[PDB]
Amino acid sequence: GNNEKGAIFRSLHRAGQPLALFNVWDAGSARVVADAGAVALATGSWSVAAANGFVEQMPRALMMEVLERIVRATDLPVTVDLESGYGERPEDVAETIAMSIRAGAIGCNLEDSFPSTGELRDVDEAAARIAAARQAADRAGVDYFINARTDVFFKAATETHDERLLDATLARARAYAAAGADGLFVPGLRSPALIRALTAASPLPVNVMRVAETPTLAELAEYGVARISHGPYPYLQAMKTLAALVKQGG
C-alpha cells in the first residue's frame, strides 16, 4: 500500500549511500526505468511539460493525470515534482499536496520560488507553504516525503557561490525543517567544499543535482549527500537519440 511505499522511499535517504533518481514523464518511461533496476521513480516538471508540449504552465489536473498513469505503471514508490505547489496561498498548496496523495504519490518536491518572477519567497512565506503541505499529508494519515527545494544557489551565478549563500541556504533549511520538510534539495550547487559544509550542518537529508561529469556519484556520496537528482537529463538523452535517428536517415 502507499504507506509501505512511503516508508521504503523515506528509508532510501541515507547520507553517504544516496538515493539516485531519474525523472520519468509518462507510463512508458516509468516502466523502462523500473525495468532497468531503479528503486524509486520521480517525475520532473520540466520533462513532463516538454513531453506534453508546454513550457506551472501545465494545468495541475493534467499533471495529476500524468502522475496517476505513472503511479499505476509500476510497483515502485513515486515522488512528484510539484514546482512551487500550484497554489496562491498555503491552503492552496495543501490542496495540491492532498491531490498528489490521492493520485498515489508518496512524496514531492516543493520549491521556494515565485513562478511570476523566479525570485525567492520570504523564508517564512516559503515555510508556511511547507507547513500547509505537511498538515495535508498528516491529515491523510500517509507516510509522505516533502523534499523542500531551495533556489538560493540555483538562481545565483556559480562564481558567487560562497559561504554567505551557504549560510542563507542553511537558514532556509532550518525554517523548512521546523515547518515539516523531510529533505532539502539544493540545485545549482557543485562545490565540494560547500556541499560538505551543507551536509555537515543540514537539519535534513541533502539532495544535490548531478549535471556535469563532476562531482561524480561516488564523490557526492563521500561528501555525505543522501539523494541525487539529474533534472531533465534522462528525457534529453532519449530525445537526442530520436533527433539523431531523424538526421541520420535511421
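Just count from 1 along the sequence shown to find any residue number.
Coordinates are lacking for 1 to 3 deposited residues between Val55 and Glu56.
As the entry records it, the average C-alpha temperature factor is higher for 155 to 163, out of 170 to 178 and 155 to 163. Comparing 42 to 50 with 201 to 209, the higher mean C-alpha B-factor in the PDB entry belongs to 42 to 50. Residue set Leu217, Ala34, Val186, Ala193: peak C-alpha B-factor at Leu217 (per PDB entry). Across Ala140, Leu82, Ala103, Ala133, the greatest Cα temperature factor reported in the deposited entry is at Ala140. When the modelled residues of the chain are ordered by their C-alpha B factor, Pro90 lands in the middle third.
Remark: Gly224 belongs to the lowest third of its chain, ranked by C-alpha B-factor as recorded.
In the deposited entry, the Cα temperature factor of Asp124 sits in the middle third of values across the chain's modelled residues.
Annotation for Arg10: C-alpha temperature factor in the lowest third relative to the rest of the modelled chain, per the entry.
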